[PDB]
Every structure is written in C-alpha cells, then in structure tokens.
Undergrad: 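I am attaching a structure below and will ask some questions about it afterwards.
One is the number of the first residue; the rest follow in order along the sequence. In each ligand, atom 1 is the first atom listed, and ligand 1 is the first ligand listed.
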Amino acid sequence: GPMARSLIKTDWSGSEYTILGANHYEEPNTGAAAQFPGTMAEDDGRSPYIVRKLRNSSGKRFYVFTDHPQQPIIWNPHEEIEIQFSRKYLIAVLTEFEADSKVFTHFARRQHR
Ligand SMILES: [Mg+2]
Ligand SMILES: [Mg+2]
C-alpha cells in the first residue's frame, strides 16, 4: 500500500479492532477506495493533542478511543469529525461495539513492542 496510510485491522478475542494512526492520510476525493479521508493536522505545541478532521467513509459505526480511562466517542457512517489524538500515543482504537477503554491500553502497549 501507499506510505501515506497508517491503519491496521486486527482481530482480538472475537472482535475486530481498527488502529488508526494520527499520521494516516487519504486525500479527500481520492478515486481509491477510501476509509478515513481528510487533510493533514492541527499540530499546536501548546496542545497535548494532534487534531485530525476525518470522514468515516464506510457503513460502519465506530466507538473511538484515544486514551484510558475514557468514555469513547461515537463516529457514524459518512460523518466528518475532529479526533483529538493524544501526543502520548498518536493512535486511535476503533471498534463497532461499545468496548471498555482498557482495550486502548492493549494496543498502546503493543505499539512499542
Ligand atoms: Mg504508512
Ligand atoms: Mg490516560
């Protein structure tokens, strides 16, 4: 795939998890099959976050985790939202069911193994 992608799909204990990097890029209006199109970030050093404005280009409803403990946010099909990726992690964990944010820690640990 192109270098611009930063996206992993994996199965864990019977459910699928999408791990989205804060540096994922798919150009809006790409002719390729797109999943999370949107421009590159707001990167303000005064902020503990990097913000990405992305569209969910699918028929999936996601619960999105960027830290733990946290209540997830909900990302419906075709909607454009701003995700606040934490500078600590620079990933978001996406699931199609309401998981507990402890799932985030599982992937955060694995990122640096
Ligand atoms: Mg890449
Ligand atoms: Mg925390």
Undergrad: Nearest to the Mg ion (ligand 2), which N, O or S atom of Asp67 do we find?
TA: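 The Mg ion (ligand 2) is closest to the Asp67 atom OD1, counting only N, O or S.
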Undergrad: Can you tell me if an N/O/S atom from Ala4 lies under 2.8 Å from the Mg ion (ligand 1)?
TA: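 It does not: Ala4 brings no N, O or S atom closer than 2.8 Å to the Mg ion (ligand 1).
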Undergrad: Judged by modelled atom types alone, do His24 and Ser6 share a side-chain donor-acceptor pair under 3.5 Å?
TA: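 Absent: no donor and acceptor within the cut-off.
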Undergrad: Looking at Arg55 and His78, would you say the former's side chain and the latter's main chain have a donor-acceptor pair under 3.5 Å?
TA: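 Yes, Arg55 side chain to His78 backbone: donor-acceptor pair under 3.5 Å.
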Undergrad: Of the backbone and side-chain N, O or S atoms of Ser6, does one lie nearer to the Mg ion (ligand 1) than 2.8 Å?
TA: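 False for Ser6.
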Undergrad: Is the shortest side-chain N to carboxylate O distance from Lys102 to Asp100 below 4.0 Å?
TA: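 Looking at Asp100 together with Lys102, the answer is no, because their closest N to O distance does not fall below 4.0 Å.
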Undergrad: Looking at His68, which of its N, O or S atoms is the nearest one to the Mg ion (ligand 2)?
TA: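 Distance check against the Mg ion (ligand 2) picks out O in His68.
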Undergrad: Do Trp12 and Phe107 have ring centres separated by under 6.0 Å?
TA: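 Yes, the ring centres sit under 6.0 Å apart.
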